[PDB]
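First comes one chain, alone, set out as C-alpha cells in the form deposited in one PDB entry.
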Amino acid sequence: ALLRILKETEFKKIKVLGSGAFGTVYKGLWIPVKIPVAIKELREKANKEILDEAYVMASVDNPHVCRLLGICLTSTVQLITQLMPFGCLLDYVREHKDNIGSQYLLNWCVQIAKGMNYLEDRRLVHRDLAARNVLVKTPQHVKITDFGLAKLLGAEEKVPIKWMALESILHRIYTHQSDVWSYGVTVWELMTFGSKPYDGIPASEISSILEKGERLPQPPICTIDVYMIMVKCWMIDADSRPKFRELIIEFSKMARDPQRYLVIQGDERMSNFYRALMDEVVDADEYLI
C-alpha cells in the first residue's frame, strides 16, 4: 500500500519537535523492528478529502523530496514520515553559521531546486517553501517537505507572508512561479545563515514595500551574480521569474566553481551532537528497501 493506514497502536509519539502553522510535529518510533519517525498531528468522515491529498504526499519519489509513509485517522489526523536526523535546514545553517562552505550552500540550492522541479512535474504547488520546511538527511543531502498541506488546509479559500509572492498575498494565486519566489527567499535564508526576512517590518505592510520595489538585501557572502538570481525570483511578473529547471542549471554551474560565486573566509579549510539530539532501530530507508 502506497499510503499506509497505521493503527494507533503501531506508532508512538515520544518527544516534541516543534509547533508549525498547520500542526505540531513529534519525533517517535514506528513499530509496523522500530523505525524512527516524525509524526505530525494537524491542528483541527471528511477524511476522504484528506486521504486524497495524503496520497499525493505519499506518491512522490525523488531524493530531494520527503515522502509520507503513512497516516492515522482518529479524532485528529496524524501524518507519519521518516525522521530526518539533522533537523531542518534553517536551524542547521544557524548552528553552523561558520563551518559552512560555498560548496554546501550551492549544493543545497541545487538540491532544493531539483525537488521543486520534481513537484512541478507532478503539478504540485508547494505553497509554503521556506528554509524551515527543508530537512537535512545528512549534511550532504537535504529534502523539501510540508508540501500539499497549505492547499489541503484552505490556503486558497476565503500566513507565511514574508515568503509569499505578491500575487499570492493579494489574490491567493499560487503557481509554480509563486513557488519560485519562495525559493528565492529560502536561498536568501541560506546565504544569510538563517536571518529573518524583512525582520522587524510588519506583515501587513509587506505587499506595500514589495510594490514599492523593496527586496531582501544582498547577502554579504554573495557576488552580485548569485544575488541577481534571487532578485529575478522576486519579480512582480511571475512569468519573468526563472524556472526551476533553469535554476538547477545555474546553481549547478555555480557549484562547479563555488569560490567564484560565494566569498566566505577560510572556505578551503572547511555528529555526536545530533545523536544526543534526536536519539531517544532501522532507518525507514533500510526497512523500505
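Between two forms, the rigid core is defined as the largest C-alpha subset superposing within 1.5 Å. Residues carry their position along the shown sequence, with the first being 1.
Chemist: Establish whether the other compared PDB entries of this protein leave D267 unmodelled at least a third of the time.
Modeler: In none of the comparable entries (those modelling both sides of it) is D267 left without coordinates.
Chemist: Is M278 a gap in at least one third of the other compared entries?
Modeler: Yes; at least one third of the other entries leave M278 out.
Chemist: Going by the record, give me the number of deposited-sequence residues missing between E280 and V281 as none, 1 to 3, 4 to 9, or 10 or more.
Modeler: The entry leaves 4 to 9 residues without coordinates here.
Chemist: As recorded in the PDB entry, how many deposited residues are without coordinates between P32 and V33: none, 1 to 3, 4 to 9, or 10 or more?
Modeler: Per the deposited record, the segment joining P32 and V33 lacks coordinates for 4 to 9 residues.
Chemist: Comparing 118-126 with 149-157, where is the mean C-alpha B-factor higher?
Modeler: It is 149-157.
Chemist: Highest mean C-alpha temperature factor of the two stretches 174-182 and 91-99, which is it?
Modeler: According to the PDB entry, the answer is 91-99.
Chemist: For the C-alpha B-factor as written in the entry, point me to the maximum among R67, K48, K243, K232.
Modeler: Of the candidates given, the C-alpha B-factor peaks at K48.
Chemist: From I248, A54, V37, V226, pick the one with the largest CA B-factor in the entry?
Modeler: That would be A54, according to the entry.
Chemist: For the chain shown, is the CA B-factor of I264 in the lowest, middle or highest third of its modelled residues?
Modeler: Highest third.
Chemist: In terms of the chain's CA B-factor thirds, is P217 lowest, middle or highest?
Modeler: CA B-factor rank for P217: lowest third.
Chemist: Would you check the entry's CA temperature factor for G200 and let me know if it's in the chain's lowest, middle or highest third?
Modeler: For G200, the deposited C-alpha B-factor lands in the highest third.
Chemist: Once the chain's modelled residues are ordered by C-alpha B factor and cut into thirds, is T76 in the lowest, middle or highest one?
Modeler: Its C-alpha B-factor, which the entry lists for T76, ranks in the highest third among residues of this chain.
One more form of this protein, deposited in another entry, exists but is not displayed; see below.
Chemist: Against the rigid core, a Cα displacement of 2 Å or more between the shown form and the other one applies to just one of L153, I100, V110, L90. Which?
Modeler: The one that shifts is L153.
Chemist: Does the distance between the two CA positions of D52 reach 2 Å or more between the shown form and the other one, the core being superposed?
Modeler: For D52, whose C-alpha is compared between the shown form and the other one after core superposition, the shift is 2 Å or more.
Chemist: Taking the rigid core as the reference frame, is the Cα of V77 displaced by 2 Å or more between the shown form and the other one?
Modeler: Shift at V77: 2 Å or more after core fit.
Chemist: Tell me, please, whether between the shown form and the other one the C-alpha of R241 is shifted by 2 Å or more, with the rigid core used for superposition.
Modeler: Comparing the forms between the shown form and the other one, which are aligned on their rigid core, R241 does not shift its C-alpha by 2 Å or more.
Chemist: Looking in the other form, decide if the C-alpha atoms of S19 and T175 are closer or farther than in the form shown; they differ by 3 Å or more.
Modeler: Compared with this form, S19 and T175 lie farther apart in the other form.
Chemist: Would you mind telling me if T175 and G23 are closer or farther apart in the other form than in the shown form, C-alpha to C-alpha, with a 3 Å or larger change?
Modeler: Relative to the shown form, the pair is farther apart.
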